[PDB]
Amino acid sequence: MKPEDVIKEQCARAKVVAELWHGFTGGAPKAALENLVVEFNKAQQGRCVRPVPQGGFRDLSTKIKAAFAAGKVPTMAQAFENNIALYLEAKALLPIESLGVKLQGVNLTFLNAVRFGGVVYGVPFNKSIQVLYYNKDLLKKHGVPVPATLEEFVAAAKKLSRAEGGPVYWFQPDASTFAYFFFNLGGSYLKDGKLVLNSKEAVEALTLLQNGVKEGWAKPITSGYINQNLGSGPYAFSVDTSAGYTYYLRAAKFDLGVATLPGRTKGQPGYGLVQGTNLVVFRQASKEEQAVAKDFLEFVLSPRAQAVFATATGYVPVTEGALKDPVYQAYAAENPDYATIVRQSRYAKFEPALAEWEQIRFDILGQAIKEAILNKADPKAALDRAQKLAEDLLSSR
């Protein structure tokens, strides 16, 4: 039986059912969430959670806005920080601490990100960090150390591309990959409270990617995830979410490595972009559904739930107690990549938490990155257009 069939039967027999809308489309993340819910539902007498897949994360936020418009919302949903900011304009969210959920021990990197006007409105659940995936076999073949600095990284990609006859640094031309390069060239998105997409560091980061394509060391991936394109052409490296860990492990026909990100200098790893989502609880839920949500959120933050979830997926454990749990410890003792993901989670940056950020990161900035990389648009001209389109949107609403 599929975990979802088990959940269907649990919920059919329950007196109260709290809907949880999510953007996991399959693989380990969907299975780990479903397994967690099956175990929680077994503990409860006539009280259950029903996970409902809404497609991916942007399908989820579109369907959540339409749910408001149709007058009928789930009890819980996954949300990015910028989605929480949007739902707060409508005052749609219950303060988490009012519900009774204890948040002491939640990483302050994650807890700070869910706190708005001093109030926590999300529970960090599935938080990822960017890591360096590499081909251990291909680096060994050419005597190339794992690069520790941006300078070393560019040098390695050129040395390995020339030897193997193809570009070996694989990337999606998207806001997530852009953020890695932007952040570690000294970039910041807010200057004196204003959103700035066309700063010198943004032009420098996009120009670096464009030059990498022209010089033959950077390969744009335009169809599917990087881990869905492995096997065609030489691969050395990618900068990608920790949540891609199980997908790379199943796809790679080589010895997969995971390292901390190249930084400006060897004094510190590079900053990784934090992705994945928080759980939120909707005000429109009944008292009884909100009690299920409270018990569910406390279960999700328990050291065992966090240990099983993060080791099944490559998401970062969100509590200090998860790291003390023997299941976590047994996994980490067999697999150094779990400690590498935790160490990289210490060097973590977020994108702006503006209500408009979902639309800006995909339709405005994402599109300028694609114009520059796929159609050789001038990076400054592409980003100047992105700045005007973003200013017009913010001024709009």
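The first residue of the shown sequence is 1; numbering continues from there.
- [ ] Output the stretch having the higher mean C-alpha B factor in the entry; the candidates are 238-246 and 186-194.
- [x] Comparing 238-246 with 186-194, the higher average CA B-factor belongs to 186-194.
Task: Given 113-121 and 254-262, the range whose Cα B-factors average higher in the PDB entry - done: Mean B over CA atoms: larger for 113-121.
- [ ] Select one of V213, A175, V300, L94: the residue whose C-alpha shows the highest B-factor in the crystal structure entry.
- [x] Answer for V213, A175, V300, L94: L94, with the highest C-alpha B-factor.
- [ ] Choose from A285, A305, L139, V203 the residue with the greatest Cα B-factor as stated in the PDB record.
- [x] It is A285.
Task: Where the record places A157 (Cα B-factor, split into thirds across the chain) - done: Ranked within chain, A157 CA B lands in the lowest tercile.
Task: Relative C-alpha B-factor of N82, binned into the chain's lowest, middle or highest third - done: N82: CA B-factor falls in the middle third of its chain.
TODO: Ordered by C-alpha B-factor within the chain, which third holds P147? Give me lowest, middle or highest, please.
DONE: Middle third - that is where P147 ends up once the chain's C-alpha B-factors are sorted.
TODO: Pull the Cα B-factor of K72 out of the PDB entry and bin it into the chain's lowest, middle or highest third.
DONE: Its C-alpha B-factor belongs to the highest third of this chain's values.
Open item on the list: Can you tell me whether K30 has a C-alpha B-factor in the lowest, middle or highest third compared with the other modelled residues of the same chain?
Closed with: As the PDB entry reports it, the C-alpha B-factor of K30 lands in the middle third of its chain.
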